[PDB]
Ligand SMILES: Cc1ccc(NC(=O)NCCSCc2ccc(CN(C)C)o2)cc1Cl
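Taking the form deposited without this ligand, here's one chain by itself in structure tokens.
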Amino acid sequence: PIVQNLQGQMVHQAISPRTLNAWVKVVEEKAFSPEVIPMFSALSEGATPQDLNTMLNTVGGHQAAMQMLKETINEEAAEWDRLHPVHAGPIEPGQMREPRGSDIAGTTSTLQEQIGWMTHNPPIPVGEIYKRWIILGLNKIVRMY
């Protein structure tokens, strides 16, 4: 999700000023009416868990909603762990570990690990998965608005 580095290579760049500016304008105008969801969805396209947490933490006010969001995420992270049984660790030493709920929510994973899952073949789309949990939470919250 892309910027050119010094080596001439196209690599991931974190959620941009332009993207965040639009997100804050959407929050100011729409949080958390139903119209907020399509806008969140398009603005978070390509986002890592780290970018998603920036988005969640740039919401001013709405303390009740953001607390429901946090409850939703914690429950989905717990159910993800339950429904995706893993071995203790990778069988082959250097191989990429499978992400847990807390990796998807970005509390126990680094940006490099996130990008690693996202660009795996086949992808392990931890951004899309976290977004789904966030949209689950939004769909509960829109009832307040």
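Residues carry their position along the shown sequence, with the first being 1.
Beyond the structure shown, there is the form solved in complex with this ligand, which is absent from this document and is the topic of what follows.
Within 4.5 Å of some heavy atom of this ligand in the deposited bound form lies at least one heavy atom of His62. For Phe32, a non-hydrogen atom is located within 4.5 Å of this ligand in the deposited bound form, even though that partner is not displayed.
In the deposited bound form, at least one heavy atom of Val27 sits within 4.5 Å of this ligand. Of the heavy atoms in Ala47, none are within 4.5 Å of this ligand in the deposited bound form. Residue-level contacts in the deposited bound form: of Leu43, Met118, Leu111, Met66, one residue has a heavy atom within 4.5 Å of this ligand, and it is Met66.
Along 109-145, a non-hydrogen atom within 4.5 Å of this ligand in the deposited bound form is carried by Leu138, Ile141, in order along the sequence.
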